Each structure stands twice: as C-alpha cells, then as structure tokens.
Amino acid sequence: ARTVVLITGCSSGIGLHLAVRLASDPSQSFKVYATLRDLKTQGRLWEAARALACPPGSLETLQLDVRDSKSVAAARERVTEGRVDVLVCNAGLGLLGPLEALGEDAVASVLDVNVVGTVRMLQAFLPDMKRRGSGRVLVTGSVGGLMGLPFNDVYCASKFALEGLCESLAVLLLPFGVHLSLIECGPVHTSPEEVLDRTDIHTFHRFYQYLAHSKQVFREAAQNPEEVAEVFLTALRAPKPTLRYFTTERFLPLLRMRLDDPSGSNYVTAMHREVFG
C-alpha cells in the first residue's frame, strides 16, 4: 500500500514543490492528492510534474477551497483509498501593510483561510486518524508565527494562531498515535498611492524602509523550495516526530532573545533596530 498524501495550496510555492517531490519519489511510495482553490491555476503543477517525470497515477489534483466546509468534505470523498496517511495543511495567504490601511474583508480572509481553513481540514481528517491510531499532519508554519514582524500584523496573527492551534492539539494527540508537526519556514524562493491615502506620511515612510529591508533579507536568505520541501519529508519519515521542524537556523538567535525576555522589551528593541536600522 502506498502512503496517501493530501496537500492543500498546491498552485505554487512550497505546496507545488512538495507535491511533485513526493509524487516523483524514486521509491514510488506516495500517492499525492494535490489540492488547489481554483483548478485554472493547475498548469504550473502539471508542468513541474512532467519535468520530474511523476508516474501516471502518482499525482492527482482536486479543487478544495479551505474557506468552505462543503469543498473540504467533497475533496475528502474523492480520496479513493478511503484513508489519508499524511495531511499537509499548507494553504495560506499573506497580508502586508499598515494595519489601518488593510481592508476589513482582507483581514477576515487571511484569518479564515490560514486559521479557520486549517481547523476545517483537521475536523474533517483527524477523526479517522484518531480511530485508526495513525496518521501524520504537517502544517506549514513561518518565522512570522514565532515572532512579530512590523507591517505583517495580521499575517503574524494568523501564523501565531497556528502555533497555538497545533500545540494545543499536540498535547492531546500524544498517546493516540497521530503525529502533528509544524514546518517552520523563513523566506523561500517561490499601489503606494492607495496605502498613502489610508495612513500617515511617517507610517508610509516606515513601510518603505521595511520593504527595502525585506527585499534585502530575501535576496540574501531565501531558501530554494526543494530544500524546504525536503524538511517536510524528513518530518514525515521520523519515527517519533517533534512538534516543530525549522527549515533554517538563521532566525534562532532572534527567537532565543525573544524567548529569554518574557517582558518582550529586548525583542521589540532588537527587531526595530534590525528592520529600521
């Protein structure tokens, strides 16, 4: 029997690279259900799949919108094996800008996709894993889920939310045989005018500085998606997986500083200087 894997958010980035890495594995051990919110975006996945020569039947695409529990249930029903060995909750949205410049709908959407959509996947797929006493859940996390980043208030809110969701579930799942793990990613290679109308000139200037700083960190530290995707595989094959895997060690010093001063003052000062010099 092959390992059945269901991944959300496979139109690009991590989810696309992980789906074709697993489907193309030389051992042919995995059957992958790559899900996408809109099947019109599946072309890059099929072009990457052909390039790694995934065997016929190793990869299938399903439409799955994690904002809708009916779409979640109908994709679950399309899993012909009647079981999901590995569930990868990767679907996600970013949101960048002055908090007061973000639309209310955009805010609600980031939380609904990143947080409620993961809850909807877990409600639909966990019960069967708990009953069989086996199953692996991998959740794409971010450094933004471990420490707060300026102008990413809502995005960070949603990634910190996943840390608390997963850690709470991990405490309960320990003796059930169901393993949950977050894969903590740094940056990965994957109008000024409207913002200026919704904020003050100083905040706008600080946003510019954040953006110039961010592009520089990205240019210097973004990892290839193949390297990040391999951390998922490592977590998948660990006999007793930990709650968190880190794709890089680059942000651990910032992490440790944050974690060693619970008042948060050292972190706030250090991150303001790191971003705004």
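Rigid core: the largest C-alpha set superposing within 1.5 Å between the two forms. Position 1 is the first residue in the sequence shown; the rest follow in order.
Which of 191 to 199 and 128 to 136 strays further in 7 other deposited structures of this protein - Cα RMS after rigid core alignment
If we average over structures and residues in 7 other deposited structures of this protein, the farther stretch is 191 to 199.
Does the entry skip any residues of the deposited sequence between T190 and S191, and if so, is it 1 to 3, 4 to 9, or 10 or more, or none at all?
The entry has 4 to 9 unmodelled residues between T190 and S191.
Comparing 73 to 81 with 179 to 187, the one whose average Cα B-factor in the PDB entry is higher:
Mean B over CA atoms: larger for 73 to 81.
Of 129 to 137 and 107 to 115, the one with larger mean CA B-factor:
Taking the mean C-alpha B-factor of 107 to 115 and of 129 to 137, the larger value falls to 129 to 137.
Please place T199 in the lowest, middle or highest third of its chain according to the CA B-factor in the PDB entry.
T199: CA B-factor falls in the highest third of its chain.
Within this chain's modelled residues, let me know which third the CA B factor of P262 belongs to: lowest, middle or highest.
Highest third of the chain for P262's C-alpha B-factor.
Which third of the chain holds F218 when residues are ordered by C-alpha B factor: lowest, middle or highest?
Middle third by C-alpha B-factor.
Could you look up the Cα B-factor of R244 in the entry and say which third of the chain it sits in: lowest, middle or highest?
It falls in the bottom third of the chain.
Going by the recorded CA B-factors, say which third of the chain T61 sits in, lowest, middle or highest.
Its C-alpha B-factor, which the entry lists for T61, ranks in the lowest third among residues of this chain.
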